[PDB]
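**Q** Structure file data10.cif, mmCIF, C-alpha atoms, is pasted below:
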data_run
loop_
_atom_site.group_PDB
_atom_site.id
_atom_site.type_symbol
_atom_site.label_atom_id
_atom_site.label_comp_id
_atom_site.auth_asym_id
_atom_site.auth_seq_id
_atom_site.Cartn_x
_atom_site.Cartn_y
_atom_site.Cartn_z
ATOM 1 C CA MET C 148 0.000 0.000 0.000
ATOM 2 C CA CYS C 149 1.532 3.292 -1.168
ATOM 3 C CA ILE C 150 0.326 6.544 -2.757
ATOM 4 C CA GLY C 151 1.029 6.673 -6.486
ATOM 5 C CA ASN C 152 1.858 9.200 -9.197
ATOM 6 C CA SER C 153 4.146 10.639 -6.529
ATOM 7 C CA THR C 154 7.936 10.997 -6.281
ATOM 8 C CA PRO C 155 9.850 9.110 -3.560
ATOM 9 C CA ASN C 156 10.204 12.258 -1.434
ATOM 10 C CA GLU C 157 6.479 12.854 -1.683
ATOM 11 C CA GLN C 158 5.770 9.290 -0.602
ATOM 12 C CA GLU C 159 8.133 9.619 2.325
ATOM 13 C CA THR C 160 6.744 13.024 3.355
ATOM 14 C CA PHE C 161 3.187 11.736 3.223
ATOM 15 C CA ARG C 162 3.925 8.710 5.408
ATOM 16 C CA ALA C 163 5.633 10.861 8.014
ATOM 17 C CA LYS C 164 2.523 13.031 8.054
ATOM 18 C CA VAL C 165 0.237 10.080 8.651
ATOM 19 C CA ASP C 166 2.488 8.864 11.491
ATOM 20 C CA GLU C 167 2.344 12.306 13.106
ATOM 21 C CA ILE C 168 -1.425 12.507 12.903
ATOM 22 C CA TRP C 169 -2.010 8.920 13.993
ATOM 23 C CA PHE C 170 -0.010 9.616 17.142
ATOM 24 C CA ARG C 171 -1.699 12.959 17.748
ATOM 25 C CA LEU C 172 -5.083 11.179 17.679
ATOM 26 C CA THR C 173 -4.482 7.810 19.373
ATOM 27 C CA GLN C 174 -1.370 8.396 21.524
ATOM 28 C CA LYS C 175 0.199 5.352 19.895
ATOM 29 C CA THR C 176 2.703 5.121 17.075
ATOM 30 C CA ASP C 177 0.893 2.092 15.654
ATOM 31 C CA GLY C 178 -1.402 -0.705 16.837
ATOM 32 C CA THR C 179 -5.191 -0.517 16.674
ATOM 33 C CA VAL C 180 -7.923 1.636 18.169
ATOM 34 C CA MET C 181 -11.728 1.313 18.637
ATOM 35 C CA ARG C 182 -13.521 2.467 15.456
ATOM 36 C CA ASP C 183 -15.712 4.927 17.357
ATOM 37 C CA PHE C 184 -12.688 6.389 19.079
ATOM 38 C CA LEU C 185 -10.884 7.180 15.821
ATOM 39 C CA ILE C 186 -13.961 8.627 14.078
ATOM 40 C CA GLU C 187 -14.560 10.976 16.999
ATOM 41 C CA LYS C 188 -11.007 12.266 17.319
ATOM 42 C CA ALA C 189 -10.640 12.632 13.531
ATOM 43 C CA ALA C 190 -13.938 14.508 13.367
ATOM 44 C CA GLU C 191 -12.822 17.056 15.958
ATOM 45 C CA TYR C 192 -9.473 17.520 14.227
ATOM 46 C CA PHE C 193 -10.565 17.624 10.551
ATOM 47 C CA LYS C 194 -13.952 19.349 10.565
ATOM 48 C CA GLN C 195 -14.403 22.990 9.540
ATOM 49 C CA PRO C 196 -15.156 25.678 12.172
ATOM 50 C CA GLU C 197 -18.830 26.101 11.211
ATOM 51 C CA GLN C 198 -19.288 22.375 10.602
ATOM 52 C CA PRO C 199 -21.081 20.483 13.408
ATOM 53 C CA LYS C 200 -19.065 17.699 15.001
ATOM 54 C CA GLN C 201 -21.938 15.234 14.431
ATOM 55 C CA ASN C 202 -21.882 16.005 10.740
ATOM 56 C CA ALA C 203 -18.166 15.369 10.472
ATOM 57 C CA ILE C 204 -18.658 12.100 12.337
ATOM 58 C CA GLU C 205 -21.215 10.829 9.787
ATOM 59 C CA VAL C 206 -19.120 11.823 6.777
ATOM 60 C CA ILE C 207 -15.928 10.273 8.096
ATOM 61 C CA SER C 208 -17.741 7.160 9.315
ATOM 62 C CA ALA C 209 -19.291 6.679 5.880
ATOM 63 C CA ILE C 210 -15.972 6.919 4.065
ATOM 64 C CA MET C 211 -13.968 4.996 6.604
ATOM 65 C CA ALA C 212 -15.657 1.945 5.633
ATOM 66 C CA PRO C 213 -16.195 -1.210 6.899
ATOM 67 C CA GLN C 214 -18.857 -0.304 9.208
ATOM 68 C CA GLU C 215 -18.988 -3.484 11.119
ATOM 69 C CA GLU C 216 -15.266 -3.242 11.861
ATOM 70 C CA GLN C 217 -14.848 -2.772 15.619
ATOM 71 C CA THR C 218 -11.279 -1.525 15.307
ATOM 72 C CA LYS C 219 -9.152 0.602 12.986
ATOM 73 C CA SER C 220 -5.427 1.034 12.428
ATOM 74 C CA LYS C 221 -2.971 3.533 10.990
ATOM 75 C CA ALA C 222 -3.472 1.872 7.591
ATOM 76 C CA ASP C 223 -7.033 3.173 7.562
ATOM 77 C CA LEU C 224 -5.801 6.694 8.354
ATOM 78 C CA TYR C 225 -3.179 6.324 5.598
ATOM 79 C CA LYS C 226 -5.855 5.249 3.152
ATOM 80 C CA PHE C 227 -8.249 8.027 4.216
ATOM 81 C CA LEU C 228 -5.662 10.859 4.060
ATOM 82 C CA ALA C 229 -4.468 9.571 0.713
ATOM 83 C CA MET C 230 -7.932 9.923 -0.794
ATOM 84 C CA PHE C 231 -8.636 13.491 0.309
ATOM 85 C CA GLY C 232 -5.580 15.790 0.206
ATOM 86 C CA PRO C 233 -4.088 17.316 3.417
ATOM 87 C CA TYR C 234 -6.277 17.316 6.554
ATOM 88 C CA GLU C 235 -6.362 21.135 6.360
ATOM 89 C CA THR C 236 -8.945 21.097 3.569
ATOM 90 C CA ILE C 237 -10.082 17.438 3.727
ATOM 91 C CA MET C 238 -13.749 18.346 4.149
ATOM 92 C CA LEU C 239 -13.507 20.589 1.022
ATOM 93 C CA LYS C 240 -12.193 17.859 -1.258
ATOM 94 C CA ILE C 241 -14.725 15.408 0.187
ATOM 95 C CA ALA C 242 -17.567 17.847 -0.660
ATOM 96 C CA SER C 243 -16.281 18.537 -4.151
ATOM 97 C CA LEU C 244 -16.023 14.845 -5.160
ATOM 98 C CA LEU C 245 -19.164 13.578 -3.381
ATOM 99 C CA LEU C 246 -21.202 16.384 -4.937
ATOM 100 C CA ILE C 247 -20.233 15.336 -8.463
ATOM 101 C CA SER C 248 -20.908 11.691 -7.612
ATOM 102 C CA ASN C 249 -24.305 12.430 -6.074
ATOM 103 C CA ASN C 250 -25.354 14.372 -9.198
ATOM 104 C CA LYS C 251 -24.017 12.054 -11.923
ATOM 105 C CA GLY C 252 -25.373 8.717 -10.754
ATOM 106 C CA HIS C 253 -23.968 7.979 -7.279
ATOM 107 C CA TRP C 254 -21.089 6.074 -8.867
ATOM 108 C CA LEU C 255 -18.611 6.549 -6.030
ATOM 109 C CA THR C 256 -18.156 3.565 -3.735
ATOM 110 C CA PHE C 257 -16.105 3.313 -0.575
ATOM 111 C CA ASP C 258 -16.530 -0.308 0.360
ATOM 112 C CA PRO C 259 -13.715 -2.807 -0.361
ATOM 113 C CA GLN C 260 -14.146 -5.451 -3.084
ATOM 114 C CA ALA C 261 -15.581 -2.517 -5.022
ATOM 115 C CA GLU C 262 -13.308 -3.681 -7.834
ATOM 116 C CA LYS C 263 -14.709 -7.220 -7.719
ATOM 117 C CA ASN C 264 -18.385 -6.204 -7.789
ATOM 118 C CA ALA C 265 -17.596 -3.618 -10.481
ATOM 119 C CA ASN C 266 -16.807 -6.086 -13.273
ATOM 120 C CA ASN C 267 -19.947 -8.097 -12.455
ATOM 121 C CA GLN C 268 -21.856 -5.258 -14.098
ATOM 122 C CA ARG C 269 -21.076 -3.973 -17.590
ATOM 123 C CA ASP C 270 -22.835 -1.031 -19.246
ATOM 124 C CA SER C 271 -22.797 0.909 -15.946
ATOM 125 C CA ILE C 272 -20.478 3.494 -14.372
ATOM 126 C CA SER C 273 -18.631 2.899 -11.105
ATOM 127 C CA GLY C 274 -15.684 4.530 -9.383
ATOM 128 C CA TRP C 275 -13.539 3.578 -6.417
ATOM 129 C CA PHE C 276 -10.148 4.230 -4.819
ATOM 130 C CA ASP C 277 -7.536 1.522 -5.422
ATOM 131 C CA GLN C 278 -7.015 -0.199 -2.074
ATOM 132 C CA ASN C 279 -3.299 -0.491 -2.890
ATOM 133 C CA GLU C 280 -2.918 3.053 -4.266
ATOM 134 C CA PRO C 281 -5.392 4.972 -2.043
ATOM 135 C CA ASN C 282 -4.861 8.343 -3.783
ATOM 136 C CA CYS C 283 -5.802 6.853 -7.135
ATOM 137 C CA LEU C 284 -9.480 7.045 -8.197
ATOM 138 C CA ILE C 285 -10.479 4.465 -10.821
ATOM 139 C CA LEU C 286 -13.431 5.243 -13.097
ATOM 140 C CA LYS C 287 -14.922 2.197 -14.800
ATOM 141 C CA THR C 288 -17.070 3.415 -17.681
ATOM 142 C CA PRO C 289 -18.611 1.728 -20.745
ATOM 143 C CA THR C 290 -15.912 3.193 -23.007
ATOM 144 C CA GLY C 291 -13.047 2.109 -20.735
ATOM 145 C CA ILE C 292 -11.030 2.645 -17.549
ATOM 146 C CA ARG C 293 -9.833 6.086 -16.425
ATOM 147 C CA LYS C 294 -7.386 6.946 -13.641
ATOM 148 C CA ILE C 295 -6.973 10.280 -11.858
ATOM 149 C CA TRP C 296 -4.745 10.913 -8.821
ATOM 150 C CA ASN C 297 -5.156 13.038 -5.728
ATOM 151 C CA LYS C 298 -2.095 14.930 -4.482
ATOM 152 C CA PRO C 299 -2.296 14.313 -0.684
ATOM 153 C CA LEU C 300 0.130 17.158 -0.009
ATOM 154 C CA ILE C 301 -1.668 19.890 -1.934
ATOM 155 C CA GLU C 302 -4.516 21.823 -0.324
ATOM 156 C CA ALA C 303 -7.792 22.383 -2.145
ATOM 157 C CA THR C 304 -6.727 25.954 -2.907
ATOM 158 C CA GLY C 305 -4.169 24.468 -5.285
ATOM 159 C CA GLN C 306 -4.126 22.147 -8.290
ATOM 160 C CA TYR C 307 -4.499 18.950 -6.295
ATOM 161 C CA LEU C 308 -5.317 16.597 -9.169
ATOM 162 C CA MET C 309 -2.973 15.042 -11.702
ATOM 163 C CA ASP C 310 -3.350 12.465 -14.502
ATOM 164 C CA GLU C 311 -0.943 9.937 -16.045
ATOM 165 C CA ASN C 312 0.414 12.553 -18.452
ATOM 166 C CA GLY C 313 1.378 14.761 -15.575
ATOM 167 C CA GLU C 314 -1.433 17.205 -16.398
ATOM 168 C CA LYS C 315 -2.787 19.035 -13.337
ATOM 169 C CA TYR C 316 -6.407 20.041 -12.638
ATOM 170 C CA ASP C 317 -7.751 22.735 -10.293
ATOM 171 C CA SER C 318 -10.266 20.415 -8.638
ATOM 172 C CA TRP C 319 -12.699 17.523 -9.068
ATOM 173 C CA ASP C 320 -15.154 20.001 -10.606
ATOM 174 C CA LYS C 321 -12.807 21.342 -13.270
ATOM 175 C CA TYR C 322 -11.598 17.785 -13.978
ATOM 176 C CA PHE C 323 -15.053 16.417 -14.812
ATOM 177 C CA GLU C 324 -15.698 19.550 -16.850
ATOM 178 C CA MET C 325 -12.806 18.560 -19.087
ATOM 179 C CA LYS C 326 -13.466 14.815 -19.095
ATOM 180 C CA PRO C 327 -17.263 14.587 -18.642
ATOM 181 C CA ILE C 328 -18.237 11.178 -17.253
ATOM 182 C CA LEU C 332 -29.763 16.508 -18.850
ATOM 183 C CA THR C 333 -31.386 18.593 -16.129
ATOM 184 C CA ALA C 334 -32.324 22.128 -17.221
ATOM 185 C CA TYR C 335 -34.101 24.621 -14.965
ATOM 186 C CA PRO C 336 -36.848 27.326 -15.206
ATOM 187 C CA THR C 337 -34.914 30.556 -15.395
ATOM 188 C CA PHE C 338 -37.201 33.631 -14.999
ATOM 189 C CA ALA C 339 -34.607 36.335 -15.707
#
Go ahead and render the structure in this file as structure tokens.
**A**
Amino acid sequence: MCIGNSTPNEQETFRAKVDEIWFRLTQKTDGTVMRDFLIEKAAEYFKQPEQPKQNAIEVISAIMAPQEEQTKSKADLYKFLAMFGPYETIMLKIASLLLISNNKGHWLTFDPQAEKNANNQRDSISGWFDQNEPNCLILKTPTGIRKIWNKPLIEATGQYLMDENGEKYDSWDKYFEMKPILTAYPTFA
């Protein structure tokens, strides 16, 4: 398990960050913690100032899936911080991506074996984060597979997305505006 489309220094720098945060939340340098404990501490540390703590708990709990998994480890934090940039703007990247998913078919899945149940279908559209390369989002579409990477070290204010050609994108919004994966409205100007 390691973030991809990253240089060795980036990979090293990311890992050190996860170690720092895992200790700051659980008081341990490794081991395991009770699921509820992690979700609560992460919620208080990652949520926005105006965002209710209960709201952050439901969003993190939903992403941090397995639900029925009593405990969690640093590998889950690694995986979770790899998906949504730095913790500084983690709730912003979550909102950006989930919004697009919720409006284009609810194709984003966070449960494991999402890659196994994805090929069982065919003329559908699913997307998940590679369990081995957590910062890599895989889009399975009728036409073919697409890969787009999240830059765990870059805040939402920056160009935190990059493709295989090294091209950078301002955000999930701008990215799906370039590579589109309807609903008009009564405008009384």
**Q** So which one's closest to residue 275 (chain C), C:195, C:290, C:256, C:153? Using all atoms listed in the file, please.
**A**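 Selected residue with least distance to residue 275 (chain C): C:256.
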**Q** Could you list, as a ChimeraX atom specification, every residue matched by the PyMOL selection byres ((chain C and resi 273) around 9) in this structure?
**A** /C:252-256,261,265,271-272,274-275,285-288
**Q** Could the residues in this selection be written to a file with C-alpha atoms, as a JSON list (two decimals), in the coordinates of the input?
**A**
[["chain", "number", "residue", "atom", "x", "y", "z"],
["C", 252, "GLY", "CA", -25.37, 8.72, -10.75],
["C", 253, "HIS", "CA", -23.97, 7.98, -7.28],
["C", 254, "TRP", "CA", -21.09, 6.07, -8.87],
["C", 255, "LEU", "CA", -18.61, 6.55, -6.03],
["C", 256, "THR", "CA", -18.16, 3.56, -3.74],
["C", 261, "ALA", "CA", -15.58, -2.52, -5.02],
["C", 265, "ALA", "CA", -17.60, -3.62, -10.48],
["C", 271, "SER", "CA", -22.80, 0.91, -15.95],
["C", 272, "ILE", "CA", -20.48, 3.49, -14.37],
["C", 274, "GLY", "CA", -15.68, 4.53, -9.38],
["C", 275, "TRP", "CA", -13.54, 3.58, -6.42],
["C", 285, "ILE", "CA", -10.48, 4.46, -10.82],
["C", 286, "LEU", "CA", -13.43, 5.24, -13.10],
["C", 287, "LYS", "CA", -14.92, 2.20, -14.80],
["C", 288, "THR", "CA", -17.07, 3.42, -17.68]]
**Q** Calculated over only C-alpha atoms, which of the candidates C:229, C:181, C:332, C:295 has the smallest distance to residue 162 (chain C)?
**A**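 Closest to residue 162 (chain C), using only C-alpha atoms: C:229.
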**Q** May I ask which of the residues C:335, C:225, C:184, C:169 is the closest one to residue 149 (chain C), counting all atoms listed in the file?
**A**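 With all atoms listed in the file as the atom set, the closest residue is C:225.
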**Q** Output the residue selection produced by the PyMOL selection byres ((chain C and resi 158) around 12) on the file above, formatted as a ChimeraX atom specification.
**A** /C:148-157,159-165,225,229,280,282,298-300
**Q** When you count only C-alpha atoms, which of these residues is closest to residue 234 (chain C): C:303, C:318, C:208, C:258?
**A**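 Closest to residue 234 (chain C), using only C-alpha atoms: C:303.
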**Q** With distances taken over only C-alpha atoms, which of C:270, C:311, C:223, C:235 is nearest to residue 291 (chain C)?
**A**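 Smallest distance to residue 291 (chain C) is found for C:270.
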**Q** Which residue is closest to residue 224 (chain C)? Choose from C:173, C:312, C:304, C:198 and count all atoms listed in the file.
**A**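 Closest candidate: C:173.
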**Q** Please return the centre and edge lengths, in Å to one decimal, of a box with edges along x, y and z that contains all listed atoms of region 311-322 of chain C, widened by 4 Å on every side, as lines of an AutoDock Vina configuration file.
**A**
center_x = -6.9
center_y = 16.3
center_z = -13.5
size_x = 24.5
size_y = 20.8
size_z = 17.8
**Q** Quick one, how far is CA of residue 259 (chain C) from CA of residue 277 (chain C)?
**A**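 Going from CA of residue 259 (chain C) over to CA of residue 277 (chain C) covers 9.1 Å.
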**Q** As an exercise, work out the distance from CA of residue 227 (chain C) to CA of residue 267 (chain C) in Å and give it to one decimal place.
**A**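 Value for the CA of residue 227 (chain C)-CA of residue 267 (chain C) distance: 26.0 Å.
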**Q** Please evaluate the PyMOL selection byres ((chain C and resi 185) around 12) against the displayed coordinates and give the resulting residues as a ChimeraX atom specification.
**A** /C:168-175,179-184,186-193,204,207-208,211,216-221,223-224,227
